[PDB]
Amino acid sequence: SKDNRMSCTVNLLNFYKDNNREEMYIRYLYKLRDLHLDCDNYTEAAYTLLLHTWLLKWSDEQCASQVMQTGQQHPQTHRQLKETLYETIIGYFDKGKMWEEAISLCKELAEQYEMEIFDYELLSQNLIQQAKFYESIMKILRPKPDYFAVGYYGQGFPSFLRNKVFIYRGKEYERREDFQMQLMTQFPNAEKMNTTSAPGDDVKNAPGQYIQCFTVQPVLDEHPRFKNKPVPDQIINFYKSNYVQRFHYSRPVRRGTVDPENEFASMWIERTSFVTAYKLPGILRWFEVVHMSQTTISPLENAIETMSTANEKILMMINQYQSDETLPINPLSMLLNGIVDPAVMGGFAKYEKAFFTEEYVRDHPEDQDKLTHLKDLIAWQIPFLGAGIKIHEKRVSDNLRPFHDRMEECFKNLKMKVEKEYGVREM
């Protein structure tokens, strides 16, 4: 219902765009915006109205009749209408916690006030507001959206859907379970599809409606502004999960025969990359994937990734704790210990025992560097763990002192073993 409705609205928006009827295009902008505010989608409402401000110039030109919403309808310079809109939009972005966009718009406004219209009161307020946004980015928690890929297959679907795949932007920490419950609500005639693997022409050509849904991972987009610079986790992480057009799906696949003791020796990964028409967030909560690639990760490439990720986690936690000293220590205990004493899952030994024997290296010479990289990662895991454990040592409750005393033990023993074997690294 609401979903399809938004789709129809955007399709007509595009029709009027393509047919260069500006009045109608604008009108539909506002229809779409009202749908968004109905759902409390403040972000997508902002991106929507920006479609309007795109048509306005910073100018003293009297706004045309067509260029104005049928609601407003009074003489205004372009600069004025644009200013008013920018205020509304910045407000929407604020409510949806995209503060980098609010800031970007504020900046434009600020340049007008200072360079063009010379209003220092407004500039003053603007700067104070930017100062609050910049502060907010740092001091306020912005929950990570989950993203989901939905394929729509079968002749039962409209052309704008049929046999395509979209990436959706979920609500805060939203789970596929619920997202898909709702979605299925949108498509009563549809069958829930039981796989994540792309279907054949036997499906795509069937008369009904078959829907595929699975969680995908957002890839950080290349940012020139961040290129060689020392950007702090709290600033860059957001972009890790937001303003994104590239997404990954990873599936485990067993190739070769499984060793029961070591499941990691046999675990290949099938990784699909999706690229959307426009980045998310945007004027809709979903965009169509226009590009798809596949890659296969060997058990070793995967070990390497796992290790990279763990190291990353520990480093990040260390900075997060080093900066804010009010945090609960439980999360640190859990992560650190989980890596220092992986009594259940086995830790990087499962990797050694898998890749460091003579047989493997003899069977895969082309893997030499990777093997070395792995060793390096393990060598690098030690000083990191130690840095975080020292913090743990300062912050830990008395209740947990015996727990910590034992963590340190395991660590010391592990530092000793690993340094002997892979070398020393200091951070």
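Just count from 1 along the sequence shown to find any residue number.
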Of 319 to 327 and 297 to 305, the stretch with the higher mean C-alpha B-factor in the deposited entry is 319 to 327
Mean temperature factor over C-alpha atoms, higher-scoring stretch between 340 to 348 and 258 to 266: 258 to 266
For the CA B factor values reported in this entry, which option in 144, 74, 78, 169 has the top one? 74
Can you pull the Cα B-factors for 281, 158, 91, 154 from the entry and say which is highest? 158
Could you say whether, by C-alpha temperature factor, residue 218 belongs to the lowest, middle or highest third of its chain? middle
On the chain's distribution of Cα B-factors, residue 11 falls within the third called middle
For residue 41, the third of its chain into which the C-alpha B factor falls: middle
Looking at the temperature factor on the CA atom of residue 59, which third of the chain's modelled residues does it land in? middle
Quick tally, chain-level thirds of C-alpha B-factors: residue 384 sits in the middle
